[PDB]
Amino acid sequence: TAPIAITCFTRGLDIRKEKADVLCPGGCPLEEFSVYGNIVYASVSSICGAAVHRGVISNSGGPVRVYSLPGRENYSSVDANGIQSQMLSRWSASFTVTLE
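The letter at position 47 of the sequence shown is residue 49 when you use mature numbering (1 follows the signal peptide of the UniProt record, and there is no 0), and the numbering goes up by one with no holes.
Listed below in structure tokens is the structure:
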């Protein structure tokens, strides 16, 4: 059983399993990161965006680890590592990211 090597442009929309181990090949630069909620990264957030925001990895790529989070509401907006996370109106698909 193996992780999913994602193209570092894959958002939380593609990977919403209970817990999924993911590899982010390449450097994944500050190209497109619009993040939505801190900790509770709503689905639309990039896996890089969420991971580097969460502080899992530096802006370098690498192995990351996604955990499902149920639907949530009453989000916040917070910046981390030069990536902006913004509140949402009740996104019933979120996650929280970690390391392996």
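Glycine included, C-beta positions come from ideal geometry on N, C-alpha and C.
Proximity to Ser78 [Cα-Cα], best of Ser91, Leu71, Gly64 and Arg67: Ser91
Residues near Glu20 in its chain [Cβ-Cβ closer than 7 angstroms; skip 5 each side]: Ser70
Cα-Cα separation between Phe97 and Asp81, rounded to whole angstroms: 17 angstroms
Report buried or exposed for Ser60, applying the criterion of at least 16 other Cβ atoms within 10 angstroms of its Cβ. exposed
Proximity of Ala22 and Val68 at Cβ, strictly below 9 angstroms: yes
What separation, rounded to the nearest whole angstrom, lies between the Cα atoms of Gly51 and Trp93? The alpha-carbon separation between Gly51 and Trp93 amounts to approximately 17 angstroms.
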